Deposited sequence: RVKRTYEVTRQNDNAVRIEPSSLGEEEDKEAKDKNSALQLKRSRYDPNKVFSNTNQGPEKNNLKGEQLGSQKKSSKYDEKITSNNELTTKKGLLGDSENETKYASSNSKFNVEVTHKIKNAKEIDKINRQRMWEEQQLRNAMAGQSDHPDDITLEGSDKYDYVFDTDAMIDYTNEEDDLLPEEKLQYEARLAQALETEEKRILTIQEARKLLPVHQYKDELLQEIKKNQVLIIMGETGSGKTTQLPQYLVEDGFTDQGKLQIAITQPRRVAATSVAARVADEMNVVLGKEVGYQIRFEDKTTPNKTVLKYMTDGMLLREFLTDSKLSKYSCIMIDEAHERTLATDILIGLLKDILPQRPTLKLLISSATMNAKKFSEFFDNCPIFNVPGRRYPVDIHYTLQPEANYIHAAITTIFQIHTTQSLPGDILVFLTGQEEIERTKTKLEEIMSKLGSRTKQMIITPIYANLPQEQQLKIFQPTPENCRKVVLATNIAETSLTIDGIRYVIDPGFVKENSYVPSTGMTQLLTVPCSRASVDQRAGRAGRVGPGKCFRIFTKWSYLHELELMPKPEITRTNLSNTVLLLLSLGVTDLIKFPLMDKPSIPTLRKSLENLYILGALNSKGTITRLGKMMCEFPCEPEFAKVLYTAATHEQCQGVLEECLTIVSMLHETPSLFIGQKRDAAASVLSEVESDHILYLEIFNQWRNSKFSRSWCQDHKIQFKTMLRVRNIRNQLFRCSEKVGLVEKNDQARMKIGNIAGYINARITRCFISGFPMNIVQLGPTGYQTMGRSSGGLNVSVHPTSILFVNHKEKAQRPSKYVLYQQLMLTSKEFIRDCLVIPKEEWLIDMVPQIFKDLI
C-alpha cells in the first residue's frame, strides 16, 4: 500500500522517425418502496446517497409514477446548482420517460427554457431560477414537490432557497420538499427543519488505490498530461480516465496539447477520445461525454467539478486529481470579488477519488504529496454565502418582503460587514431609497435575468439625460459579455484586426463584431472569415432577444425611441454615451493609472497594482501601438493568477464623466 507514491514520466514515449433494464440496476431502485413511503409520511426528507446512485434521475420518475403530479395539473421542480447538470440530466430522463424533450420533461436555465405550459410535468432548474420564481408566485403554488439536489455543495442560491422554503412550509401543508446530497453529515440540515428524518441509500463502491507524488510539481498540467500517457500505454482496456481541471481555459489548452501528441504517436498508440466538460459547454457537446466508447478506444475525460458530484461518466477506472478549484471570493472590507484558484479541501479530494471506484477497483493519482494533504489542506469547504457580494440577494429578499434581514433564518448567517456593503452597493446603484424602501428602479432590476449592475446600464441608456438613446447598443454589449470566453477561435487580436482596424476598448469591439455579423444577414460564412465562433453568436442573439423582451415590459424601448428622435446621435458621440452608461452601472470597478501601474480608486480598496490581462485588446494596443495608457479603465472581471488581472477593459478618457454620472462616489475620490 506504501508503494502508492509514484514519479512523473514513468520514461518518455516513442514515435517512428434496453434503457428500462439499466434503470433497475441502479442502487435507488431496490429502496424504491421504502423511500416513497417515507415521502408520504414526512413533509421534508433528506435523502443521502453515493454519487451515481440514481437519485437525480430516478426520484422524479418515481414521484410521477406514484401520482404526486396529479394527472399533470401539478408540476415537480428539481433544483440543480450546475447549468450543465440541469440540461444533460433532463435529456436522460426524457429518454427514459420515452417523451420528447421540453414537452413532458423539460429544463429551465436563465437564457433558454424548454418548457410548455400545460404538458410539462417535471422540470429541471438552476438553483438561481427557482429564486426568481418567488417574485411571480410567492407560495410556489404550481409545484407539488420540490427537490433541492446537490445541497451539500452549499451554493449561495441553495442557501436562500432553504431559507425561503422554511417560511412557506407552515403556509402550505401539501408541499413536500426533498433534500438530496452526497453522503455528508446531514445533521445540520436536519436541525434546520426541526429534527427532520434522514434517509440513507447505501452505495456499492470498490476500493481505490490513491497515489501521491514524491515531491511537489512545478507544473501540475504537464504532470497530468504525462499521467494520462503512462495509464494509456501501460494498462489494459477498458479503463477510462477522468481528469479534474480548474477552468475551461485550461481544459482547451490541455485538449489541444493532448491532441497534438496523439497526432505524433499516430498508428502505434491506441485511439484516444478526449471529451471536455466545463461550465458554458454547448448542448451538442454535452451528448458526446455520455456516449459509450468504441472497442480499442480509451476515453480521457477533461472536466471541472461538475464530474465530481453533479454527474457521473460511466466506465471510469482512473482519476487524476491536481487538487485545485477555481472560485469567486468576495472580501467585504475591500469590497470586490476576485476569480482565484485555491487548493480544495480534504472532503472534496476524497469525493474526487471515489469516482474510480464505481464500476470496479480503480486508481486515483494526486499531483500533491501526502505531506501536502495531511497538513496543507482544509478539512471541509467554506460555503458560498461566506464569500459573495450579496447585492443581488438582498435586493431579491427586499422584493419578497424580508424586512428584518438578520432574523431571517439561514443555516449559515451572512456576516455584518458583508451585509452592510451589500446595502451600500444598492444605494449607490439607486435601487434602494435613502428611506430604505425599494424604489421603482429596484423593482425594475428584479425583472431582468441579469445582475443588478447590468440592469442599471440598460436603465441609464434609455432614461438618463446625458446618455439617453443608446439602449440598442447597450443591449448588444451586455449580451456579448455573457459569452466572452467562447467568442474567438484562435487569438483575439487576429479576429479583432479583421473586424475593425483600430478599437479603443473591449466593449466597443464587441459592439462592432455583432453589428457586422448582423449586417451580413447573420451569415455562418461571416464568422469563419473573421474568426468568431458561429455557435457562440447564436447564443448571444438569444440573450439579446430575451433582454429586449424584458426591456419592452419595463418600458425602456419606448423611452429609447423618443430619445433617438430628439438627440440625433453621431458615431463620435455614441461611444461616449456607451462609456457613461457602464460608469453608472459599474462604479466600483474603476481603476486609476498610477506611477507603478494601474491601481484601484476605492479608498477602502486602496492600492492593489492591478495589471491588464493579455487577452484584452487594451493590452494589444499598448504592446503594438505607441498610444499612451489611459488614466481611467473600467473592467468587468478581476482575476488573480500571480498578480491581479482585469478582463473586458473599457477606456474612460474624461475625468468628469466619473463625477457627472455617479457623484456620490467620485466627489470624495476626485
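Visitor: Please list, in sequence order, every stretch of the deposited sequence that lacks C-alpha coordinates.
Guide: In the chain as deposited, 11-157, 165-203 carry no coordinates.
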